[PDB]
Amino acid sequence: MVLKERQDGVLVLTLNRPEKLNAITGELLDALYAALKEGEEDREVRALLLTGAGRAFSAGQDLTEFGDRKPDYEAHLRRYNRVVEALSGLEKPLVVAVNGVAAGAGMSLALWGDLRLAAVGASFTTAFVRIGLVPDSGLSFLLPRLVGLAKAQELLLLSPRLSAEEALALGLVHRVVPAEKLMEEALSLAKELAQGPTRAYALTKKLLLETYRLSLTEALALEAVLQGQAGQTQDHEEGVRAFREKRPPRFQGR
Amino acid sequence: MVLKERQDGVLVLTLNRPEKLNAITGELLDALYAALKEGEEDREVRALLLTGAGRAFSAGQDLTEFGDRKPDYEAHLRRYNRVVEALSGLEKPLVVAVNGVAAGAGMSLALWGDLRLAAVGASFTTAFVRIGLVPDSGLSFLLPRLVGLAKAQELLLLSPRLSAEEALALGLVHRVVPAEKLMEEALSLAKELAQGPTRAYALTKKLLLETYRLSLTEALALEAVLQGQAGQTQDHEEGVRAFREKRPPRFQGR
Amino acid sequence: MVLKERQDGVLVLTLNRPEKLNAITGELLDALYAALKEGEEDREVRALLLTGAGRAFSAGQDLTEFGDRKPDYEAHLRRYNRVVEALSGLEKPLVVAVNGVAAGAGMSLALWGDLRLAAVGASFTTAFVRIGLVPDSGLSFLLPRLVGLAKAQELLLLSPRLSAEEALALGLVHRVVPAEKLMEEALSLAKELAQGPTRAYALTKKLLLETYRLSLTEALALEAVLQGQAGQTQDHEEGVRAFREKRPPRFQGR
């Protein structure tokens, strides 16, 4: 369901239902959740890389999973939301490599990467509105923050099929590279992050995730609390030492 | 005060005080609110289109009555903010066609459109600061979200006169078209929306309005609740049926 | 520590530790805080201009004291966050002139300007992550609001050195000017602002600072309250009169 591979501190997760364009099912989500939990808890893992097998990243919800049964969407989203909670709370950087179609919840999941890359030919389609649904799996939370409300309105209400270049223009991805180079570039970035100050990355992500709903006073207090934690890490000491010694730091994520 | 026209499920509202550049008055606002309430309640109205008659969309608050008594802007806004509430809460898509000058409260009203088009030659000026006032009618809420804090600061504090092309770059509008084609383009878009899944549009708008103030967990919960609702609509059933039957869907807005 | 000089309603504050690239210390913060309070409380000061003496605006926190004792960043930040509270709360416009390197907390401080100008050659580096720290001094609050979450993620996690031109494209600054003409242009803008409706500027800033955490209803209510206040100022009366009389207004900040 989800392939797992480790390389130099990087846990590579590959959605694996290629014949179905990695369409999402409860089984896939449970496997993805288990993989994220393992990655989050494995001290050897300093970074994660998420991508899709085959021609697409993920076409979103597999409509065949419903069959002829009646919609029970509020409950059905339980598996999606726990995966989103896990992604949002990762205490390690996540790189996402969008290799092809990313639509619906597939797009929602792709956008949770801290650093995102798309291959030439990849596309982003909100898609939900096309079948009379609303954005889910955190897309209504992430999209406005990532591309601004003006573009979020257009993307969600009109559901255009965005090219990789258009995604780069809006901030949906940070880089666009030739299809045959996507994974090498993404993995190279993930390995660099895997050598970085993991706790700083983790705590920085927490600040960003909670910043919009906080007053400046509350934000300053949170920065104080989290900086206090970061300041006590062995990595911070190493960081200061390396700077003074005019040498590269050797971080260990603690 | 406000002209009301109907066409293929689209309620077209035109601010009608061209001789005064559609200056905003309490009379105009009550008329707009009445029309919005009517459109919102009319099940046959699947979309709305708002534009201005004459040379401008709206030059903002009419200052004629100033000096007549002690300026009570708090009382005035508390009384008319219901118009903004109504605009933002429309359970159907709103298209705005900016035919010319949009300033002050005129700019505020124009920015409430879900999809916004501007005619070549149209302009956007925050204007409030020029007469010692702060942005109102939702502008302080919408501007930062639509164009980002950096640009909002500049536009509000310096109040430059933005061209239609500049507005497009900032995200104030989604499209710029020849003045003689503005209404044709806007109505075409509105009619397309009036054939779409109105409930999905409505609920998606609800999610966007709350996106920044909710925690991720609260957002995921609201998404699940609204998807549960959307999933029960006739439109969703049709959307899935049409997809499986490789044919176009025939949405009814329920 | 901090140079102070008044000029035509403008209080010019210059970080003064050029030999140390204006590296931030508690002593420097205490001086800046005192200067900010003075400008805030001085009714004759209607605009402030912040810049750095020497080749750099500020390279951020001075790491000289590190090692002397157990790192206590929460205590330190809780003690000096009052400086950021003061900056953000100024009831008058603040212009920032970034003359060179702005990194770490130096970047945090520069971004608090309402209108920001950078000299050709100036740069912006988040820097915190390079020594295993999280963004502080309000940077985690300001950055995503100013440039959006997508860009903020990239700037904070990878900490690239941003040129003045790239900072301009993103919105980190509103204008770029020759290094030799920076202060001239910055001071000119500040003096212009010092002639503007100070109360309108003050209340507008308040709305912007609090906008993201508020529901639309709360935002509309706050706009009503603050507009009521602005509407009572003599500057508003002058504003309306000047508009009717088709003449430039003569604001006094009251």
Side-chain angles (χ1 to χ4, degrees), chain A residues 129 144 148-158, chain B residues 2-5 7 9-15 22 24 28-29 32-33 35-36 39-40 45-53 56-58 60 83-119 122-126 135 137-139 141-147 155 162 164 167-168 170-177 182-194 196 198 201-202 204-209 211, chain C residues 216 220:
Chain A
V129 74
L149 179 60
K151 284 296 180 181
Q153 294 170 312
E154 188 184 344
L155 269 44
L156 292 169
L157 299 170
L158 301 182
Chain B
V2 175
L3 174 59
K4 300 186 299 178
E5 299 180 76
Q7 281 194 58
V10 178
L11 172 64
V12 181
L13 302 178
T14 303
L15 299 184
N22 301 309
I24 300 179
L28 182 63
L29 292 174
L32 177 53
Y33 175 86
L36 292 170
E40 169 64 10
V45 171
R46 303 268 292 286
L48 283 74
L49 172 59
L50 176 66
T51 191
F57 177 77
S58 178
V83 176
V84 175
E85 288 285 359
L87 267 178
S88 71
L90 287 171
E91 286 171 49
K92 41 201 65 179
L94 168 64
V95 176
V96 164
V98 188
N99 56 297
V101 166
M107 181 169 169
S108 303
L109 292 182
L111 296 184
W112 274 108
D114 296 305
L115 282 309
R116 305 172 296 283
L117 297 76
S123 57
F124 295 86
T125 307
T126 56
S137 301
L139 189 59
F141 175 100
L142 283 185
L143 199 52
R145 294 170 170 68
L146 295 172
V147 302
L155 273 47
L162 303 177
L168 179 63
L170 298 182
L172 290 178
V173 297
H174 299 95
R175 292 169 54 189
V176 170
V177 302
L182 176 63
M183 289 306 278
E184 182 186 310
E185 292 299 303
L187 184 58
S188 178
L189 177 60
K191 289 185 179 184
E192 292 180 58
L193 291 168
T198 317
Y201 292 153
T204 295
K205 291 177 63 168
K206 183 184 292 295
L207 289 168
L208 288 174
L209 199 60
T211 184
Chain C
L216 172 58
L220 291 174

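Numbers restart at 1 for each chain; the letters A, B, ... are given by sequence-line order, proteins then strands. Values reported hereafter were calculated over all heavy atoms of this structure, with side chains retained and with hydrogens, waters and symmetry mates removed.
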Original post:
Which pair of heavy atoms, one from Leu220(C) and one from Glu85(B), lies closest together, and at what distance?
Top reply: CD1-OE2, 3.6 Å
Original post:
Once you round to the nearest 0.5 Å, how far does CG of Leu28(B) lie from CG of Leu32(B)?
Top reply: 6.5 Å
Subject >> Nearest atoms (heavy-atom pairs only) where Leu36(B) meets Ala86(B) >> reply: CD1-CB, 4.3 Å
Subject >> Heavy atoms from other residues, nucleotides or ligands near NZ of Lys191(B) exceed 12 (cutoff 6.0 Å) >> reply: yes
Original post:
Do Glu91(B) and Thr198(B) pass the side chain to side chain contact (heavy atoms under 4.5 Å, CB included) test, and can you show the C-alpha distance, the side-chain angles, and the key distance before you say yes or no?
Top reply: CA-CA 7 Å; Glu91(B) 286 171 49; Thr198(B) 317; over 6 Å; no
**OP:** Could you tell me which non-hydrogen atom of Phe57(B) sits nearest to which non-hydrogen atom of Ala110(B), and how far apart they are?
**Re:** CE2-CB, 3.6 Å
**OP:** State whether the side chain of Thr14(B) and the backbone N or O of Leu3(B) hold a donor-acceptor pair below 3.5 Å, judged by distance alone.
**Re:** no
**OP:** Can you measure from OG (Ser88(B)) to CG (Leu208(B)) and round to the nearest 0.5 angstrom?
**Re:** 12.0 Å
Original post:
Do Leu182(B) and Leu117(B) have side-chain heavy atoms sitting under 4.5 Å apart?
Top reply: yes
Original post:
Which value, rounded to the nearest 0.5 Å, describes the distance between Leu146(B) atom CG and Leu149(A) atom CG?
Top reply: 5.0 Å
Original post:
Heavy atoms, side chains only, cut-off 4.5 Å: are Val83(B) and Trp112(B) in contact?
Top reply: no
Original post:
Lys4(B): what forms a salt bridge (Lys or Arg N to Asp or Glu O under 4.0 Å) with it, not counting sequence neighbours?
Top reply: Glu38(B)
Subject >> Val173(B) side chain near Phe124(B) side chain, heavy-atom distance below 4.5 Å >> reply: yes
Subject >> 4.5 Å side-chain heavy-atom contact, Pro135(B) and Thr126(B) >> reply: no
Subject >> Given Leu142(B), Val98(B), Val147(B), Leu87(B), the one that forms side-chain contact (heavy atoms from CB on, under 4.5 Å) with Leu111(B) >> reply: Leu142(B)
Original post:
Mind checking whether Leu158(A) and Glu192(B) have side chains closer than 4.5 Å, heavy atoms only?
Top reply: no
**OP:** Starting from the C-alpha separation in whole Å, work towards a yes-or-no answer on side chain to side chain contact (heavy atoms under 4.5 Å, CB included) for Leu155(B) and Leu170(B).
**Re:** CA-CA 11 Å; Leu155(B) 273 47; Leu170(B) 298 182; 3.9 Å; yes
Subject >> Under 3.5 Å: donor-acceptor pair, side chain of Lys205(B), backbone of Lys92(B) >> reply: yes
Original post:
Could you give the distance from CG (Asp114(B)) to CD (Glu154(A)), rounded to the nearest 0.5 Å?
Top reply: 12.0 Å
**OP:** Give, for atom CG of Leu115(B) and atom CG of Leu49(B), the distance between the pair rounded to the nearest 0.5 Å.
**Re:** 11.0 Å
Subject >> Listed partners of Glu184(B) passing side-chain contact (heavy atoms from CB on, under 4.5 Å), at least two apart >> reply: none
**OP:** Taking all non-hydrogen atoms of both residues into account, name the closest pair between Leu193(B) and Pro93(B) and its distance.
**Re:** CB-CG, 3.8 Å
Original post:
Where do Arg116(B) and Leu172(B) come nearest, in terms of heavy atoms and distance?
Top reply: NE-O, 2.7 Å
Original post:
Which atoms form the tightest heavy-atom contact between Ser58(B) and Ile24(B), and what is the distance?
Top reply: OG-CG1, 3.5 Å
Subject >> Rounded distance [0.5 Å steps], CD in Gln153(A) versus CZ in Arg145(B) >> reply: 11.5 Å
Original post:
When you measure from the side chain of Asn99(B) to the backbone N and O of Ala119(B), does any donor-acceptor pair fall under 3.5 Å?
Top reply: no
